[PDB]
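Structure first, then comments.
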Amino acid sequence: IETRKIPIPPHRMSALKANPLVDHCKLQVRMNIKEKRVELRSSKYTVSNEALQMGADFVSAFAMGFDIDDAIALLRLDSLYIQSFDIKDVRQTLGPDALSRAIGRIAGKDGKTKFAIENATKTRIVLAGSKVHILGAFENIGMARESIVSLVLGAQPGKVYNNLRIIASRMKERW
RNA sequence: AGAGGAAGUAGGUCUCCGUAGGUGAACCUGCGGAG
């Protein structure tokens, strides 16, 4: 018997108030957004540490901000990973004009560039200021990470998109 | 002004918060902020 309790920030309170994991993978659940905690208890129906860690990874993904569609995709696919990249990681300058300028470069107007990168390398990323969150198979996450760090190092977005497209094709290929 | 003669050139997304207005619980818009 094992338990795991995860915190949520108060961003996602309503969507966590929206409703099932006990039916998904037989792991009993308690929640309280006043203490900001989610408790996952292992009853007798529970079998695997893999399933318990999977429920933990799912609830942490929904806390860190993905929607329920890609969240249950993370629940069902065992070959799907998440990664958290802070924007203060490896950095070209000591100037604190980083934040607005670089995340404007990454997003683009009406999310066009984030959307094009997502549809290109098949990942799903979310963006909240400092922290960016990438979701996908780990090699595609590597592709999106290299694209984003090139964007924050300051290459032109058209050039980055072109190079990303040809690398996306050559990795999609088998032989 | 005249018919001939001769010549040459051809780049802030998402969430949340505080606002002000809108049709009010909610919801939308705009702005200011934190992730």
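We name chains A, B, ... following the order of the structure tokens; residues begin at 1 in each chain, and ligands are numbered from 1 as shown.
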
query = So which residues of region 13-83 of chain A fall under strand (DSSP E or B) by DSSP, listed as a list in words?
reply =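 For region 13-83 of chain A, the strand (DSSP E or B) set is residues 28, 29, 30, 31, 32, 37, 38, 39, 40, 41, 81, 82 and 83 of chain A.
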
inquiry  = Tell me as a ChimeraX atom specification which residues belonging to chain A come within 6 Å of chain B, counting only C-alpha atoms (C1' of nucleotides).
reply    = /A:11,104-105,107-111

message = What does the structure give for the distance between CA of residue 133 (chain A) and CA of residue 84 (chain A), in Å to one decimal?
response = 4.7 Å
